[PDB]
Amino acid sequence: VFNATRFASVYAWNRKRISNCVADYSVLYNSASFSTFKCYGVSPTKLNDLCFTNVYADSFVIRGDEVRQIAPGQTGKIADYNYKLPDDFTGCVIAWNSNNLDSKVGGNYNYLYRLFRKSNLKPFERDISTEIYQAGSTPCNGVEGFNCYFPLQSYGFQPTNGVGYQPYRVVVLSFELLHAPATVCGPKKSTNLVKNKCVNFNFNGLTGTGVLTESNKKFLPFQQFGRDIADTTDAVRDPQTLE
Amino acid sequence: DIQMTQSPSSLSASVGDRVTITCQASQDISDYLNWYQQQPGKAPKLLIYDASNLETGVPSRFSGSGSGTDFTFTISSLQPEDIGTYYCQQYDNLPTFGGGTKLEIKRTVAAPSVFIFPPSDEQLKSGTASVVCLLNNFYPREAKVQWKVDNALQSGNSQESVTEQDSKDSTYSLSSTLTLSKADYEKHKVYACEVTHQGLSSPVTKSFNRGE
Amino acid sequence: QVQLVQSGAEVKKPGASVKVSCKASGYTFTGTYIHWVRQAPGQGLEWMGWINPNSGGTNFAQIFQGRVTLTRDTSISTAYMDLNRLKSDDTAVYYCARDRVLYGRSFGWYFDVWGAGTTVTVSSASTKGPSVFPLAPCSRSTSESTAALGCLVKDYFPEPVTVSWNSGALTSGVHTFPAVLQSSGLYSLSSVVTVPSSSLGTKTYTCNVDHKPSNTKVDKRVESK
Amino acid sequence: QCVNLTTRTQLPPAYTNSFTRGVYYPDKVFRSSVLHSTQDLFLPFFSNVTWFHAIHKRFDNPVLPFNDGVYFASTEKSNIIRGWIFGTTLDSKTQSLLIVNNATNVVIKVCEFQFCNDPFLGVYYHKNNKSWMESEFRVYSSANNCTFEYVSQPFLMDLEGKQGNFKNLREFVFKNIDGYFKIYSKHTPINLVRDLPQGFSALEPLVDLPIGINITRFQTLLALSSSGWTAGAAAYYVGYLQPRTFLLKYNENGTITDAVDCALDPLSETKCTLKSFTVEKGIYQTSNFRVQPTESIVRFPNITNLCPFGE
Ligand SMILES: *[C@@H]1O[C@H](CO)[C@@H](O[C@@H]2O[C@H](CO)[C@@H](O[C@H]3O[C@H](CO)[C@@H](O)[C@H](O)[C@@H]3O)[C@H](O)[C@H]2NC(C)=O)[C@H](O)[C@H]1NC(C)=O
Ligand SMILES: *[C@@H]1O[C@H](CO)[C@@H](O[C@@H]2O[C@H](CO)[C@@H](O[C@H]3O[C@H](CO)[C@@H](O)[C@H](O)[C@@H]3O)[C@H](O)[C@H]2NC(C)=O)[C@H](O)[C@H]1NC(C)=O
Ligand SMILES: *[C@@H]1O[C@H](CO[C@@H]2O[C@@H](C)[C@@H](O)[C@@H](O)[C@@H]2O)[C@@H](O[C@@H]2O[C@H](CO)[C@@H](O)[C@H](O)[C@H]2NC(C)=O)[C@H](O)[C@H]1NC(C)=O
Ligand SMILES: *[C@@H]1O[C@H](CO)[C@@H](O[C@@H]2O[C@H](CO)[C@@H](O)[C@H](O)[C@H]2NC(C)=O)[C@H](O)[C@H]1NC(C)=O
Ligand SMILES: *[C@@H]1O[C@H](CO)[C@@H](O[C@@H]2O[C@H](CO)[C@@H](O)[C@H](O)[C@H]2NC(C)=O)[C@H](O)[C@H]1NC(C)=O
Ligand SMILES: *[C@@H]1O[C@H](CO)[C@@H](O[C@@H]2O[C@H](CO)[C@@H](O)[C@H](O)[C@H]2NC(C)=O)[C@H](O)[C@H]1NC(C)=O
Ligand SMILES: *[C@@H]1O[C@H](CO)[C@@H](O)[C@H](O)[C@H]1NC(C)=O
Ligand SMILES: *[C@@H]1O[C@H](CO)[C@@H](O)[C@H](O)[C@H]1NC(C)=O
Ligand SMILES: *[C@@H]1O[C@H](CO)[C@@H](O)[C@H](O)[C@H]1NC(C)=O
């Protein structure tokens, strides 16, 4: 995800599915290579203490001046027609200056972005359309015309460009927390399960204190926790032996 | 295009010697260069990329340096697995390779053992004749073979095949084959080959006549 | 365990075409370019072109543009190179090579994983089995100290002939020299051995020659006149 | 291959009543012996659902709107409905989603598809071996940039059947929300001849595809010299989800066993406000009514000249 040779162009941002693995985030957060590391519903120090229902990495390249548009609730031509985060985003935005990887002395014109669109796109939607845009009130057809445009523009990345006009690689990690049966987890070791005694438990990052006992409740396969009228968890399915 | 040249077309080097091979681009290539090793009878292997980034798991002895038009690859002390052809490759505009530099192990001088082989009765029965001059276990590659019949120097009607360097003792061997019709073979009495080589005090002649 | 597996040796007439294939495994086949690189007998490498296996987009070196066609079947992770209207100096080893998944520059090509290479031979000559002739010094009485003797394998075309001595029982002091492509288009090679002059009375030497394209296995006993 | 099958008989669009169907588990949490109020995209109770069927003659697989979400139910025997197309233009100007249960595995794909103007699958029928073979798949002609693909681990379904009534009710809910296409489903065993079964059942979630595309329309895929054929007897029903509060009853086993559509009628709004499925005798105050805007107005002073910001 972080060291692949060729990142996607931002109009066609690649999404990778992360699953069935141990995610040590402490190496990512401690590495001073990342210029941005902003988390929107968790602390970057707590990511190891936790599990995630599904995890995705969205990877793309942009200009340093547009990195502010990758935050949730934003506006501007990247947030409008290339890559929109949801206003309730949970995850971490990670970005680093890729001028040693994505800039060429004549310009690395391989990194496109969408320059026109009829209206702004939905959160985590991907616009791949190559149809000719109409700016004027006239209709337009075929390959070109007056007040008509190809909807994609290319970024001129050269290692001569001024500070903020160099390329930056972005990974947005997005996930849903503590609600459901997880398959990505931080590097924590499990203990044995202690029943009938008052204990500080932690199931998949759901920390608490209580007496655990054998339940006659049957959960369906898609359920990991049970709740009370007060929203407190009052039952759980053990993640190693599915009791 | 970007034309690329490597300065040593081959370079003899001893075990433990430092090797330097230089690659020059016709245009300014900044640092957009890779280096690959090809050991005899295998596909190439990437060793350095981006002119000086050493690849994963390759020996620490290998180095690459320089930028612009002129670049270097280096082996800090040569080891007998390093023997092969080394190729540079630009990536600024369509990935062109250089001509390649052969390494070989340096050794002390050694003379060829010279043998000559007449055409067999089974071969003459086919209606064609060929006679072979064999040079075995010598080191300075450049051995030159002269073919004669009745003291007259022959040309174009003979060809020579040289081995790769012997891994056991770092030495070459070759043979030259001269070819004639069954009619052209019988009309000359004296058949000879002569070898001139750096490992000899003077040229040596091996010869025979038809019959014995 | 990343790998590229290619088709076996190809043999062709002038003006025909050849379809080399490259089955990938151990990585996501759409992730990176596959380059096609060739190498003529005893000469340097030559880049022909690439295919991007995700988009099917291709680019070629100018010499091959209008000759080479690159394609791919993503359902079987196989890239193909098709080369049309073949000439004699298209006789070469053809490699597919992958474009480095990690740590490179976003423009750069590289060639980090290479396939085994497919030999293509382009020539007029038909398949023919070797004629194998004994080589011995002069006469038995003109031998001295360490002798050398051999067998010459003559006029055979489907490249790869294998020579071995006494069914592989003898290997100390053996040579089998690289083949020479003759003016008739047929190959020849010489294979030779060194032995003490004393052992010729105790034992005899047989070169065994196997030529798979002609199914021609032939053994020559070598004797001093 | 692609073909426009023409021997169809013209019927007007049929309709039926969605009594108390297309409710689903609203989140992935266990609850039991509780009445839970949830606001989400649900099929409204007793809503008017459009009815489609294949028989003898009939084969109605049209393109339909897909707006806020879809409830889809196929009443069935012999596995005739097998999938859907979703997208905005269905013709390689844009991406589109294919979900299709061919006879051996489900394939899910997101590509710039050129779909046929009449997409179908086909079964070669009873032919001499006394067995039925899938041999036709006339869904698309090109599929360029596939940014998502999934293919299921293989099985082998039964392609034959003849019975006087349907045996399987198979229900789905589709939502396309912030890049994720969410599928909920249920299977129920039945015995009926020609309607959407009256009753109650709640759909479990089964997948959550990260497809990232605009969906505005959809079309179902059905199983059948390229014209003249028999369509197998089957029916399907379509209704649109709407943003609505429901009060769900979970039983002691923690399964949704009943629900109240909180805006169906004035009694349902009292059940939903009292948080009880029974109401005692009385007069109850409920959500205040209020007439909403007929149209917008703007009134600004009429000024033509722009401000001199350049100066
Ligand atoms: C239903 O649609 C499926 C998707 O097009 C199609 O799947 C393809 O089926 C074949 C035969 O089972 C598979 O063939 C390969 O199977 C394994 C792969 O590891 C190999 O051992 C085999 O040698 C062979 O290469 C294909 O892999 C599979 N396609 C994909 C993309 O995986 C089904 O065949 C369709 N069903 C019917 C009834 O047509
Ligand atoms: C979706 O699939 C499309 C078809 O495979 C693909 O089209 C490809 O677009 C690029 C960019 O224009 C083309 O590149 C060539 O475009 C013209 C050709 O005349 C030249 O000006 C350029 O220099 C360049 O040679 C590809 O040729 C074209 N592919 C095909 C087969 O036509 C889309 O780009 C795909 N969408 C993606 C990757 O998001
Ligand atoms: C300030 O000036 C910029 C551009 O400078 C001028 O551009 C020409 C119009 C001409 O007057 C030149 O001599 C000047 O150098 C204006 O930027 C333009 O803004 C319009 C939208 O109003 C946009 O369509 C153009 O593409 C922009 N072009 C450039 C080069 O910036 C800007 O509008 C001026 N600001 C004010 C308040 O007038
Ligand atoms: C999803 O697709 C629809 C259909 O193409 C888009 O709706 C059109 O949007 C433009 C915006 O200028 C309007 O001019 C059209 O009148 C709309 N068409 C219809 C049928 O209403 C819609 O915008 C797309 N979604 C997004 C987020 O762009
Ligand atoms: C199937 O039928 C439809 C309509 O009967 C065909 O759609 C026509 O396509 C042509 C171009 O091929 C257009 O000029 C027409 O305007 C289209 N008609 C309509 C009503 O949209 C379609 O091409 C046919 N396809 C096949 C494979 O038969
Ligand atoms: C909850 O589920 C259990 C099964 O897990 C149901 O128990 C069965 O109920 C019937 C009718 O009372 C008995 O004949 C069976 O012997 C019971 N089986 C077991 C294993 O106990 C129970 O009825 C369900 N409760 C509700 C309200 O549906
Ligand atoms: C985890 O491993 C234990 C034994 O080490 C096993 O009982 C259990 O089934 C495993 N977990 C799951 C989810 O299968
Ligand atoms: C469903 O809607 C149609 C009009 O779109 C109407 O003709 C039909 O009678 C309605 N059915 C019911 C059950 O109200
Ligand atoms: C009959 O079945 C066999 C395999 O079961 C198949 O190869 C053949 O095509 C079938 N013939 C017909 C007419 O369906």
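No Cβ is skipped: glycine too gets one built from the backbone with ideal geometry, and neighbour counts run over all protein chains shown. All of the numbers you see were taken from the coordinates with simple rules; none came from a lab.
A few remarks follow.
- Sites residue B:70 and residue D:149, calculated FRET efficiency, Cβ-Cβ separation with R0 45 Å, nearest 0.05: 0.40
- Count of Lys pairs (Cα-Cα under 20 Å; at least 8 positions apart or interchain) in chain C: 17
- Take each residue of peptide B:41-54, count the partner chain Cβ atoms within 10 Å of its Cβ, and average: the result is 4.
- FRET efficiency, 1/(1 + (r/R0)^6) with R0 25 Å, evaluated for residue D:105 and residue D:58 via beta carbons: 0.30
- Ellipticity at 222 nm from helices only: DSSP H runs of n ≥ 4 in chain D, each -39500 (n - 2.57), divided by the residue count, give -1000 deg cm²/dmol.
- Put a plus charge on the Cβ of each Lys and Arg, a minus charge on the Cβ of each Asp and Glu, and nothing anywhere else: the dipole of chain C about its Cα centre is then about 260 debye.
- Working note: Karplus 6.51/-1.76/1.60 with θ = phi - 60° gives segment D:229-239 the couplings 7, 10, 7, x, 5, 6, 9, 9, 10, 10, x Hz, where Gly and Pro are set to x.
- Electrostatic dipole magnitude of the protein assembly as shown [Cβ: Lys, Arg +1; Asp, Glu -1; Cα centre; debye, to 20]: 1520 debye
- Beta bridges by DSSP in segment D:14-289, antiparallel share as percent, to the nearest 5: 95 percent
- For chain B, relative contact order (Cα pairs under 8 Å, six or more residues apart, normalised by length) works out to 18 percent.
- FRET efficiency, 1/(1 + (r/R0)^6) with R0 22 Å, evaluated for residue C:9 and residue B:39 via beta carbons: 0.60
- Whole-Å distance, taken between Cα centres, linking segment B:69-107 and segment B:162-212: 34 Å
- Residue-averaged beta-carbon neighbours from other chains (10 angstrom radius) around A:185-197: 0
- No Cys partner within the rule (Cβ under 4.7 Å), chain A: A:21, A:198
- Between residue B:198 and residue C:183, the distance separating the two model label sites (each 7 Å from Cα on the Cα→Cβ line) works out to 3.2 nm.
- Charge context of residue D:53, other residues only, Cβ under 13 angstrom, K/R +1, D/E -1: +2
- Averaged over the residues of peptide B:171-178, the number of Cβ atoms from other protein chains lying within 10 Å of each residue's Cβ is 3.
- Of interest is the spacing of the C-alpha centroids, which for segment A:32-59 and segment D:226-240 amounts to 48 Å.
- Gaussian network model of chain C, Cα within-10 Å springs - most flexible of C:20, C:174, C:153: C:174
- Centroid-to-centroid separation of segment C:1-57 and segment D:122-157 [C-alpha atoms, Å]: 32 Å
- Rounded to the nearest Hz, the phi-derived 3J(HN,Hα) couplings of segment D:19-27 under the Karplus curve 6.51 cos²θ - 1.76 cosθ + 1.60 (θ = phi - 60°) are 3, 9, 10, x, 7, 8, 5, x, 8, where x marks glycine and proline.
- Ranking B:180, B:152, B:163 by how far each Cα lies toward the positive end of the dipole of segment B:113-209 (charges on Cβ) leaves B:152 at the top.
- Here chain B is treated with +1 on each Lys and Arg Cβ and -1 on each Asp and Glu Cβ, and its dipole about the Cα centre works out to around 760 debye.
- Per-peptide average of other Cβ atoms within 10 Å, ordering D:170-180, C:67-77 highest first: D:170-180, C:67-77
- Taking 16 Å as the straight-line reach from the Cα of residue A:189, the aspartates and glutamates in range (excluding those fewer than 8 positions away in the same chain) are A:24, A:49, A:238.
- Projecting the Cα atoms of D:189, D:245, D:262 onto the charge dipole of segment D:14-289, computed from C-beta unit charges around the Cα centre, puts D:189 farthest toward the positive end.
- For chain B, adding -39500 (n - 2.57) for each run of n ≥ 4 DSSP H residues and dividing by the number of residues yields -1000 deg cm²/dmol at 222 nm.
- Inter-label distance, residue B:159 to residue B:3: 2.9 nm, where each label sits 7 Å from its Cα along the C-beta direction.
- Dividing the mean sequence gap of close Cα pairs (under 8 Å, 6+ apart) by how many residues segment B:110-163 holds gives a relative contact order of 34 percent.
- Mean residue ellipticity, 222 nm, helices only, chain A: the sum of -39500 (n - 2.57) across DSSP H runs of n ≥ 4, divided by residue count and rounded to 500, is -1000 deg cm²/dmol.
- Protection proxy ranking of C:91-97, D:44-50, C:200-206, A:92-98 - average other beta-carbon atoms within 10 Å, highest first: C:91-97, A:92-98, D:44-50, C:200-206
- Estimated vicinal HN-Hα couplings, Hz - segment D:85-95 in sequence order (Karplus 6.51, -1.76, 1.60; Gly, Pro = x): 9, 10, x, 10, 10, 6, 8, 6, 5, 9, 5
- Springs join every pair of Cα atoms under 10 Å in this Gaussian network model of chain B, and among B:117, B:62, B:73 the largest mean-square fluctuation is at B:117.
- Taking a point 7 Å out from the Cα of residue A:165 in the direction of its Cβ, the residues of segment A:47-76 whose backbone N falls within less than 14 Å of it are A:63-66.
- Max mean-square fluctuation residue, GNM over chain A, Cα-Cα springs under 10 Å, options A:199, A:61, A:42: A:199
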